[PDB]
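S.K.: this one's experimental. Sequence and coordinates below.
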Amino acid sequence: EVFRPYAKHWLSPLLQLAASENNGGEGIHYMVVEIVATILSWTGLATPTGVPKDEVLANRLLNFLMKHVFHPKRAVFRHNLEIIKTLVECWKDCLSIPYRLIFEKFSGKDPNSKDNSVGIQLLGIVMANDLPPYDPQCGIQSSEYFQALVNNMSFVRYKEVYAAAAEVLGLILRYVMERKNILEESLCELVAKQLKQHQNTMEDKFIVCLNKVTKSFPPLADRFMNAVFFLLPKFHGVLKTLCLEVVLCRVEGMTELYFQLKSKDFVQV
């Protein structure tokens, strides 16, 4: 409260101490956690984008944050992602997005692990405010950048990679087709191709992926819902709720639909 009125010129030095590498402890440690839990309780009175030095310090802050958010045990990991989410929902204006570093997380070709996931959850964090990935500035060669992201659904060992992956590609398609873009169909037919290849050996993976996409971008199901009509008696149990939920996704555009739901024996289910 000594610093609650007098806070407007009190954001640079603590962020220097925070985002500096030498900080008395590695990782997102207790000092920088209480720094961010302090400074984010300054809404309205304080704003960082009035100087570009605070912008590059905020980029350095979130960059070092990105360098250290794994921390194997679960509760502090969710705490790390909570700190990330709070920063990019409070400040989020001078924090012009550092891409070209999430590629280093989700581009890990080891198809027997779960190390790739942190970049995907971060990708959901940065995206589902408003913001699109693949800025023109980051030199990633877009096809590779999106191909390595969309390959993540054959990673069928842990759910934490591919469930989150399909769930954020739904958000990708939703944001890139609410407003216009050239780069839409290059990814839409890409994720269509990925589902087209993965759909034929493992079916529950296909149906969970389609469920997660239809959470945010509906109409991709129509080119598979006829095959979901094909496999409507092929599942029984926990998968069936998601099986019927992808049906619920596309009903209002549909026309006949009751002959098919009838012919797959609606009364007993």
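M.R.: Sure, I can see it. Residues are numbered from 1 along each chain as shown.

S.K.: contacting residues around the residue sitting nearest the centre point of the chain?
M.R.: Centroid-nearest residue in the chain: residue 124, 1.9 Å away (criterion: Cα atoms, centre = their mean). Going by Cβ atoms under 8 Å, 6 or more residues apart in numbering, residue 124 touches 164, 167, 168, 171. For every residue, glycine as well, the C-beta is placed using N, CA and C.

S.K.: who wins on neighbours among the residues you listed?
M.R.: When neighbours are counted by other Cβ atoms under 10 Å, residue 168 leads the contacts of residue 124 with 26 neighbours.

S.K.: which other residues reach the helix or strand harbouring that one?
M.R.: Per DSSP states H and E, residue 168 falls inside helix 159-178. Residues from elsewhere that reach helix 159-178 (Cβ under 8 Å, 6+ apart): 114, 116-117, 120-121, 123-124, 127-128, 130, 132-133, 149-150, 152-156, 183-184, 187-188, 191, 205, 208-217, 220.

S.K.: mark which of those residues are buried, thanks.
M.R.: 116-117, 120-121, 123-124, 127, 133, 149-150, 152-153, 155, 187-188, 191, 205, 208-217, 220 (16 or more other Cβ atoms under 10 Å).

S.K.: out of the residues you listed, which sit inside helices?
M.R.: In helices, defined here by DSSP state H, the members of the buried ones among the contacts of helix 159-178 are 117, 120-121, 123-124, 127, 149-150, 187-188, 191, 205, 208-216.

S.K.: before we move on, back to that, just want the angle from the helix holding residue 168 to helix 117-127.
M.R.: Counting by axes from the mean of the first three to the mean of the last three Cα atoms, to 10 degrees, helix 159-178 lies at 30 degrees to helix 117-127.

S.K.: next one: helix 159-178 to chain centre, how far?
M.R.: Relative to its parent chain, helix 159-178 has a centroid offset of 7 Å by Cα atoms, centre = their mean, to the nearest Å.

S.K.: renumber starting at 50 from here on
M.R.: Yes, from this point I'll number from 50; that puts the last item at helix 208-227.

S.K.: list the buried residues of it.
M.R.: By neighbour count on 16+ other Cβ under 10 Å, the buried set for helix 208-227 is 210-225.

S.K.: again with stretch 99-106
M.R.: 103, 104, 106.

S.K.: close enough to count as contact, the last one and residue 68?
M.R.: Yes - with contact defined as Cβ atoms under 8 Å, residue 106 counts as touching residue 68 (6.0 Å).

S.K.: from the buried residues of stretch 99-106, which land in helices?
M.R.: Checked against DSSP H, those include these in helices: 103, 104, 106.

S.K.: and those, which is closest to residue 309?
M.R.: residue 104 (54.9 Å; Cβ to Cβ).

S.K.: give me every residue that touches that closest one.
M.R.: Residue 104 neighbours (Cβ under 8 Å, 6+ apart): 97, 98, 143, 144, 145.

S.K.: excluding its backbone neighbours, what's nearest the second one?
M.R.: With sequence-adjacent residues excluded and distances taken as Cβ to Cβ, 6 or more residues apart in numbering, residue 98 is closest to residue 143, at 3.7 Å.

S.K.: how close does that neighbour sit to residue 182?
M.R.: Going from residue 143 to residue 182 by Cβ to Cβ, to the nearest Å gives 19 Å.

S.K.: in JSON lines: the contacts of residue 173, plus distance to residue 304.
M.R.: Formatted as JSON lines, those follow (distance: Cβ to Cβ, whole Å):
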{"residue": "213", "distance to residue 304": "34"}
{"residue": "216", "distance to residue 304": "29"}
{"residue": "217", "distance to residue 304": "32"}
{"residue": "220", "distance to residue 304": "29"}
